[PDB]
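Written out below as structure tokens is the structure these notes cover.
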Amino acid sequence: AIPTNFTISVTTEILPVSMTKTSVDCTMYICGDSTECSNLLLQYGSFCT
Amino acid sequence: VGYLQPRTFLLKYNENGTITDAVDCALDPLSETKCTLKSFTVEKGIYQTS
């Protein structure tokens, strides 16, 4: 088999690049507006860090 | 005469076991970043605080 005619086509491929940058505050998500909660979370500061 | 206030202070101890440097963690955003990173000489760059 020897090709005689020819055709032109366009192949489209979808590939992601990146996403969106987000920030989650540990204090605002766990306690927020409290003193004893913050004093107790101070012991778990390494986890939030 | 001065009135003491409950403020978070970061201390730097030397080889003699005595306090040689104190940083007020509640005074400026740079001081807050220094207290969070537990450092005293921050380089160049952006940082996230409270």
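Chains: A, B, ... in order of the structure tokens. Residues: from 1 per chain. Ligands: from 1, in order shown.
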
Check your understanding: as an MDAnalysis selection string, which residues of chain B does DSSP assign to strand (DSSP E)?
Key -> chainID B and resid 9:13 19:24

Practice item. From the DSSP assignment of the backbone, select every residue of chain A that is helix (DSSP H, G or I), and format the answer as an NGL selection string. Key: :A and (26-30 or 36-48)

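One distance worth recording is that between atom CA of residue A:33 and atom CA of residue B:11, which is 26.8 Å.
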
Check your understanding: Near stretch 17-30 of chain A, counting only C-alpha atoms, which residues have an atom at most 9 Å away, once you skip same-chain residues fewer than 5 positions from it, shown as number ranges by chain?
Key -> A: 37-38, 41, 48-49; B: 50

Can you tell me, as a compact mmCIF listing (two decimals) with N, CA and C atoms, in the first residue's frame, what residues are no more than 9 Å from stretch 33-37 of chain B when counting only C-alpha atoms, ignoring any on the same chain fewer than 3 positions away?
# COMPACT_ATOMS: atom_id res chain seq x y z
N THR A 49 2.32 25.61 62.81
CA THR A 49 3.48 26.11 62.09
C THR A 49 3.83 25.20 60.91
N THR B 8 3.63 39.22 75.01
CA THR B 8 4.47 38.08 74.67
C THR B 8 5.89 38.56 74.36
N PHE B 9 6.87 38.02 75.08
CA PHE B 9 8.26 38.40 74.92
C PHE B 9 9.09 37.20 74.50
N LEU B 10 9.94 37.39 73.50
CA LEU B 10 10.87 36.37 73.04
C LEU B 10 12.24 36.64 73.65
N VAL B 23 12.71 40.57 72.88
CA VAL B 23 11.99 41.12 71.74
C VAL B 23 10.51 41.12 72.06
N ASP B 24 9.87 42.28 71.90
CA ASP B 24 8.43 42.41 72.12
C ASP B 24 7.70 41.89 70.89
N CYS B 25 7.04 40.74 71.03
CA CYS B 25 6.35 40.13 69.90
C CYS B 25 5.09 40.88 69.50
N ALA B 26 4.58 41.75 70.36
CA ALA B 26 3.37 42.53 70.09
C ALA B 26 3.75 44.01 70.10
N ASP B 28 5.05 45.43 66.48
CA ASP B 28 5.14 45.73 65.06
C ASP B 28 5.01 44.44 64.28
N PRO B 29 4.55 44.50 63.03
CA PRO B 29 4.47 43.27 62.22
C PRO B 29 5.81 42.59 62.02
N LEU B 30 6.89 43.36 61.91
CA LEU B 30 8.22 42.75 61.80
C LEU B 30 8.58 42.00 63.08
N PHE B 40 16.03 36.53 64.78
CA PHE B 40 16.31 37.92 65.10
C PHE B 40 16.87 38.72 63.93
N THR B 41 17.22 38.08 62.82
CA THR B 41 17.76 38.77 61.64
C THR B 41 17.08 38.17 60.41
N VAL B 42 15.97 38.77 60.00
CA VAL B 42 15.21 38.31 58.85
C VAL B 42 15.79 38.93 57.59
N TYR B 47 6.23 37.81 53.98
CA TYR B 47 5.81 36.85 55.00
C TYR B 47 4.36 37.12 55.38
N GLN B 48 3.67 36.06 55.80
CA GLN B 48 2.28 36.15 56.20
C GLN B 48 2.18 36.13 57.72
N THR B 49 1.41 37.07 58.27
CA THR B 49 1.23 37.16 59.71
C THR B 49 -0.21 36.86 60.10

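Taking atom CA of residue B:43 and atom CA of residue B:31 as the two end points, the separation is 13.4 Å.
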
**Study point:** Separation of atom CA of residue B:39 from atom CA of residue B:17 in Å
**Key:**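 Between atom CA of residue B:17 and atom CA of residue B:39 the gap is 18.7 Å.
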